[PDB]
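If you read the sequences in order, they're chains A, B, C and D.
Residue numbers 108 to 141, 152 to 165, in the entry's author numbering, belong to the letters of the first sequence in order.
Residue numbers 312 to 321, 321A, 322 to 361, in the entry's author numbering, belong to the letters of the second sequence in order.
Residue numbers 8 to 66, 66A to 66C, 67 to 95, 95A to 95C, 96 to 110, in the entry's author numbering, belong to the letters of the third sequence in order.
Residue numbers 1 to 82, 82A to 82C, 83 to 100, 100A to 100P, 101 to 115, in the entry's author numbering, belong to the letters of the fourth sequence in order.
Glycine is no exception: its CB is placed at the ideal position from the N, C-alpha and C atoms.
Remarks on the structure that follows.
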Amino acid sequence: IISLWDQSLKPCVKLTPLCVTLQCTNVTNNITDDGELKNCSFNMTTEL
Amino acid sequence: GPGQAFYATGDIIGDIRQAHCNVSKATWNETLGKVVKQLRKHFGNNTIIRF
Amino acid sequence: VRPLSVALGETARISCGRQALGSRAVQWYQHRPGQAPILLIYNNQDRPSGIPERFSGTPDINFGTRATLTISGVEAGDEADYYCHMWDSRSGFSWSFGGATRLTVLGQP
Amino acid sequence: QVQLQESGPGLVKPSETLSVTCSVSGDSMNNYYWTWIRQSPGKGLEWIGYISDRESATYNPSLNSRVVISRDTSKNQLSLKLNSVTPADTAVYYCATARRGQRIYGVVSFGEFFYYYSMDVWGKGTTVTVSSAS
Ligand SMILES: *[C@@H]1O[C@H](CO)[C@@H](O[C@@H]2O[C@H](CO)[C@@H](O[C@@H]3O[C@H](CO[C@@H]4O[C@H](CO)[C@@H](O)[C@H](O)[C@@H]4O)[C@@H](O)[C@H](O[C@@H]4O[C@H](CO)[C@@H](O)[C@H](O)[C@@H]4O[C@H]4O[C@H](CO)[C@@H](O)[C@H](O)[C@@H]4O)[C@@H]3O)[C@H](O)[C@H]2NC(C)=O)[C@H](O)[C@H]1NC(C)=O
Ligand SMILES: *[C@@H]1O[C@H](CO)[C@@H](O[C@@H]2O[C@H](CO)[C@@H](O[C@@H]3O[C@H](CO)[C@@H](O)[C@H](O)[C@@H]3O)[C@H](O)[C@H]2NC(C)=O)[C@H](O)[C@H]1NC(C)=O
Ligand SMILES: *[C@@H]1O[C@H](CO)[C@@H](O[C@@H]2O[C@H](CO)[C@@H](O)[C@H](O)[C@H]2NC(C)=O)[C@H](O)[C@H]1NC(C)=O
Ligand SMILES: *[C@@H]1O[C@H](CO)[C@@H](O)[C@H](O)[C@H]1NC(C)=O
Ligand SMILES: *[C@@H]1O[C@H](CO)[C@@H](O)[C@H](O)[C@H]1NC(C)=O
Ligand SMILES: *[C@@H]1O[C@H](CO)[C@@H](O)[C@H](O)[C@H]1NC(C)=O
């Protein structure tokens, strides 16, 4: 199962450029939330 | 990418709730009790089983 | 203030600018000039006592339609400031009554 | 019958206090919640704050906490105090009840509901003018 799991992820997408400094703010909610939803905006390298 | 797309979570449409899992209390009580009756076999004739 | 005009003996729809971000529970208020306002429709489905059946509420279908107050058979006394007291699970506490669509009736004898 | 009658000064100078009462009759005081309503000429009906049976005054944040509201079961009337009053406060002052309905969208055990306040019974309303006039 472990070896069969990796062979299903290798052809998938890699997210190494994903985690940049994320300006995460709490989602549009009221008091008595718990968090658990971070609205993160970040710079991402496009196609070019 | 070129041609590599990070599927991200967009705006959540609708009401904001949290996930849960329901389990019939009538069955779960009865199920655990059936286990204690079997679990009491391996520890004394009668002992207090705590979950 | 949002102006709107309708003819006599016709049916009208009253909407507000706010959108139902999530599950909504709107209250409808009809403020006659000088006279005290009166709640017409609340809970999206219920009409308090002492109110004509000319107004029907907009039920909740988890999405889609906003607070659309359906005025069936508009009368002369319906010329007033209509308020859309909207409440939802996203905006939190609605400490404001929002912009009132002042509906006026034209073509009357 | 629930009769909400308001009485106030009517005229007031700037930087003063507007203390207007609201008498309720034909019913009890501990049945529902109470509030005031204001509306400036040209603006819409704005909410100033509401009080429940536990006397805890909750104010509208759109006025920078420049209002103090309270009620007295002795006179069975609803009081309302405003400090640092601006000339723009010349408006009509309504008085209405508040039926706090509980609208549920998720589960109750996780606190996935919310209380919406509904003004069912209103009052006639009294107008006050604030300016440098005497
Ligand atoms: C495991 O067990 C728990 C406990 O039983 C389940 O919890 C329940 O989940 C349901 C579904 O999420 C909740 O439903 C909502 O309930 C309110 C209140 O109505 C009653 O509430 C009691 C609890 O107080 C409940 O026992 C009753 O069965 C019943 O539900 C409803 O008003 C609400 O209606 C709808 O709300 C959605 C919100 O998005 C809305 O889109 C939809 O249109 C409905 O709107 C109503 O209101 C509008 C006006 O605004 C009106 O026009 C409509 O006609 C509707 O009246 C919804 O049904 C329930 O509260 C919750 N509580 C409990 C303790 O039961 C749990 O679901 C279950 N398992 C899983 C896996 O979920
Ligand atoms: C988390 O934050 C993001 C960024 O603020 C929120 O997304 C953005 O939400 C606004 C509305 O609040 C969108 O603006 C509108 O977009 C439409 C697009 O057609 C436009 O016609 C309107 O004039 C207006 O500009 C905005 O597009 C949207 N996205 C971006 C990239 O800014 C997001 O909604 C927040 N999370 C939640 C769940 O609210
Ligand atoms: C994307 O990159 C730009 C580069 O300028 C970031 O912009 C700066 O962000 C900081 C923090 O918010 C501000 O103090 C600066 O004034 C911004 N500069 C300019 C010219 O706008 C931007 O924040 C980045 N976005 C994210 C969220 O990664
Ligand atoms: C905002 O983010 C902080 C830090 O993650 C969290 O403690 C808080 O509960 C979030 N929400 C609110 C309503 O402040
Ligand atoms: C799950 O949902 C099905 C369909 O409503 C129901 O028959 C079953 O009893 C539910 N199970 C639990 C754990 O509530
Ligand atoms: C749980 O269910 C079983 C079977 O009905 C019963 O024997 C037992 O006493 C129940 N336990 C409790 C704590 O109710």
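- Close to B:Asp325, with beta-carbon spacing below 9 Å, are these residues of chain D in chain order: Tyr100B, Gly100C, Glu100I.
- For D:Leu82, there is no enclosing alpha helix (DSSP H); the residue is part of the beta strand (DSSP E) that begins and ends at 77–82.
- A straight-line Cα-Cα distance of about 6 Å links C:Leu73 and C:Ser63.
- Ranked by how close their Cα comes to the Cα of D:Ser56, the residues D:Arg71, D:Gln1, D:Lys13 have D:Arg71 in first place.
- Taking 8 Å as the CB threshold, B:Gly321 stays off the interface with chain A.
- Your pair C:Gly29 and B:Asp321A does not check out as a contact, with CB atoms roughly 11 Å apart and the cut at 8 Å.
- Proximity of chain A to C:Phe67 at the Cβ level (cut-off 7 Å) is not reached, the minimal Cβ distance being about 17 Å.
- When secondary structure is reduced to three states using DSSP, D:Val24 falls in the strand class.
- Among the residues of chain B, none has a CB under 8 Å from the CB of C:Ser95; the nearest is roughly 12 Å distant.
- Minimum Cα-Cα distance from D:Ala93 among the listed residues D:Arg38, D:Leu11, D:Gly10, D:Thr17 corresponds to D:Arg38.
- Per DSSP, the continuous alpha helix (DSSP H) segment holding B:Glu340 begins and ends at 335–349.
- Taking the C-beta atoms as reference points, C:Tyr87 is found nearer than 8 Å to C:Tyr36.
- Cβ neighbours of B:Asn355 within its own chain (closer than 7 Å, five residues either side excluded): none.
- One thing to note: D:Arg96 has its Cβ no nearer than 8 Å to the Cβ of D:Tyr100L.
- Closer than 8 Å to the CB of D:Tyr32 there is not a single CB belonging to chain C.
- Looking at D:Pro84, D:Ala85, D:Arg100, the one whose alpha-carbon comes closest to that of C:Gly95A is D:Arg100.
- Of the other Cβ atoms in all chains shown, fewer than 16 fall within 10 Å of the Cβ of A:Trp112; this residue is therefore exposed.
- Look at A:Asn137: its C-beta is under 8 Å from a C-beta on chain C.
- D:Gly100H is the residue among D:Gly100H, D:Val102, D:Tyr59 whose C-alpha sits nearest the C-alpha of A:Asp141.
- Following the DSSP letters along the chain, one finds A:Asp113 inside the alpha helix (DSSP H) bounded by residues 109–113.
- For C:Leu46, the secondary structure class from DSSP, reduced to helix, strand or coil, is strand.
- For the options C:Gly41, C:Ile75, C:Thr69, the alpha carbon positioned closest to that of C:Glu60 is the one of C:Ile75.
- In this structure, the straight-line span from the alpha carbon of D:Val24 to that of A:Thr135 is close to 39 Å.
- Taking a C-beta cut-off of 7 Å against chain D, the contacting residues of the segment 38–65 of chain C are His38, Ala43, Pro44, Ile45, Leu46, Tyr49, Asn50, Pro55, listed in chain order.
- Distances taken from the Cβ of C:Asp82 to the heavy atoms of ligand 4 include none shorter than 7 Å.
- Cβ contact annotation for C:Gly81 (same chain, cutoff 8 Å, sequence separation greater than five): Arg39, in chain order.
- Beta-carbon to beta-carbon, D:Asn60 and D:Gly44 are separated by about 14 Å, too far to satisfy the 8 Å threshold.
- Remark: the C-beta of C:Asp92 is outside contact range of ligand 2, defined as less than 7 Å to any heavy atom.
- If the five residues before and after C:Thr18 are omitted, its C-beta is found closer than 6 Å to the C-beta atoms of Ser76, all from its own chain and listed in chain order.
- At least one heavy atom of ligand 5 sits closer than 7 Å to the Cβ of B:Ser334.
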